[PDB]
Each structure stands twice: as C-alpha cells, then as structure tokens.
Amino acid sequence: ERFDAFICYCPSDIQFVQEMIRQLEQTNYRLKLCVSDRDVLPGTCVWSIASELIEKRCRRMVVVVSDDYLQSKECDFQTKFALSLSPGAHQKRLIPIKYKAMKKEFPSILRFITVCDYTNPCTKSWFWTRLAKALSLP
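Cut-off values and rules
- Residues numbered from 1 in each chain as written, not as in the entry; some residues may be left out.
- Heavy atoms only, no water.
- Helix = DSSP H or I, 4+ residues; strand = E, 2+ residues; numbered from the N terminus.
- Buried < 20%, exposed > 50% of the residue type's maximum accessible area, 1.4 Å probe, protein only.
- Contact = heavy atoms within 4.5 Å.
- Axes fitted to C-alpha atoms, helices over the stretch in contact; angles between N-to-C directions.
- Parallel < 35°, antiparallel > 145°, perpendicular 65-115°, else oblique.
- Nonpolar A, V, L, I, M, F, W, Y, C, P; charged D, E, K, R; others polar.
- Pairing = 2+ DSSP bridges.
- Expected span 1.5 Å × (residues − 1).
- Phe/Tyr/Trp six-rings, centres within 6.5 Å; stacked < 30°, edge-to-face > 60°.
- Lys NZ or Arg CZ within 6 Å of the ring centre and 35° of its normal.

- In the PDB header, electron crystallography is given as the technique by which the entry was determined, and 2.85 Å as its resolution.

- The name the PDB entry assigns to the protein is Myeloid differentiation primary response protein MyD88, from the organism Escherichia coli BL21(DE3).
- As deposited in the PDB, this entry carries the title "MicroED Structure of TLR2 TIR domain-induced MyD88 TIR domain higher-order assembly".

In structure tokens:
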C-alpha cells in the first residue's frame, strides 16, 4: 500500500507522532502517514523498508528532529537516505520538524531545508496547515 509520507522519528518522539496522527490522519486532511512502529510489519529488514517504503511507496518523509533523534542511528540512516533521494531538496521530499526546544544543534545535514517549527509561538498556528498541505502535494 502507498502512503503520503513516511514519518521518521526516534522512540522518544513517538508521542508527537501520535499527535501527528491526531492532527493529520484523524482530521479532514485524511493523510496516510506511515508510522514504522505501527505500519511497518515485523520480519522486515530495518534498512530495506527504508529503501522500499521511503523510496517507492511514500511521496515524502516527515523527520521528527530532536535531541533524542540525533542519538538514534536508524533515523539518521533514514534521513541521509531521504537526502540521497533528493539531494538539494529539489523534489521536496524531506520535511524536518522541530516540535521541542533543542539543547543540541539542528542536524548539520538539514540546514538548508525549511523546518516546520512547532516551538515558535508566533508560527505554530500555521504548523498543521503548512505540514498537511506539504504532505498533500503530488
């Protein structure tokens, strides 16, 4: 089955992903998010379902960036694979998200891609609108 986006995230960010489900799948947006801890089946490889799903079965990939995310090798692999699919962010396939105040730097590999910043109080009002729309484009 195909998806609109593959949510890349660390375990400690699962809960924000749940909010994404509550804000993007369970609303009028009706987006089909691929949450690995929910839709990726067991028995799969953990690097090939970042190469079959992300590449062919998902149009975009929402990275849930955070301090915990930097420390989890799996999501780093999946993000670098994203950038392999579209180095330069030409096809607009990698949506970074900063939903929490970070004590570490933003990944130096995503400096030039526009991040959806929940933390910003004056911008959050458009977050779910910007994200949803972005994930709904062809």
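### Looking at the environment of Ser86
- Counting through the fold element by element, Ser86 comes out in the loop between helix 5 (73-85) and strand 4 (94-98).
- The exposure class assigned to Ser86 is buried, which follows from its relative accessible area of 6%.
- In this structure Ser86 touches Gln91 and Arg93, once residues within four positions along its chain are discounted.

### Looking at the packing of helix 1 (residues 14-25) against helix 6 (residues 124-136)
- Following both chains from N to C, one finds helix 1 and helix 6 inclined at 75 degrees, their axes separated by 11 Å at the closest point. As far as their axial angle goes, helix 6 and helix 1 are roughly perpendicular. Only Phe127, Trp128, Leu131, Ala132 and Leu135 of helix 6 make contact with helix 1, whose side of the interface consists of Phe16, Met20, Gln23 and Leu24.
- Classifying every residue of the contact of helix 1 with helix 6 gives eight nonpolar, one polar and no charged.

### Here we look at the sheet that holds strand 5 (residues 116-117)
- Strand order in the open sheet made by the five strands is 2-1-3-4-5, with parallel pairing throughout. Of all strands in the sheet, those bounded by a partner on one side alone are strand 2 (33-35) and strand 5.
- Sheet contacts for helix 1: strand 1 (3-8), strand 2, strand 3 (58-65) and strand 4; angle to strand 2, the most-contacted strand, approximately 160 degrees.

### Quick notes on the pairing of strand 3
- Within strand 3, seven of the eight residues are buried, which leaves it mostly tucked inside the rest of the structure.
- In this structure, strand 1 lies alongside strand 3, joined through five bridges in parallel fashion. In the sheet register, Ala5 faces strand 3, and the bridge partner there is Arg60.
- Where strand 3 meets strand 4, five bridges bridge the pair, whose relative direction is parallel. When the bridges of strand 4 are listed, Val62 appears paired with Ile95.

### Quick notes on helix 5
- Taking 1.5 Å per residue, 13 residues should reach 18 Å; helix 5 reaches 19 Å between its end C-alpha atoms and fits that length.
- Turning to helix 5, its buried residues number three or more, namely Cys75, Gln78, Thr79, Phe81, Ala82 and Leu83.
- Buried residues along helix 5 sit in contact with strand 1, helix 3 (53-57), strand 3, helix 4 (67-70) and strand 4.

### Examining the packing of aromatic side chains
- All told, the structure shown has eight aromatic pairs when counted by the stated rule.
- When the centroid spacing of 4.7 Å and the interplanar angle of 75 degrees are considered together, the rings of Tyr118 and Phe127 count as edge-to-face.
- Of the residues examined, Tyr118 reaches a relative accessible area of 23% and is grouped as partly exposed.
- Between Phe127 and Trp128, the aromatic rings sit 4.6 Å apart at their centres with planes inclined by 65 degrees, giving edge-to-face as the arrangement. The same class applies to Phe127 as to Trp128, namely buried.
- The rings of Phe16, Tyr99, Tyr118, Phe127 and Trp128 are connected pair by pair, giving a single aromatic cluster.
- For the cation-ring pair, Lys124 lies above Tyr118, with the distance from its terminal atom to the ring centre recorded as 5.6 Å.

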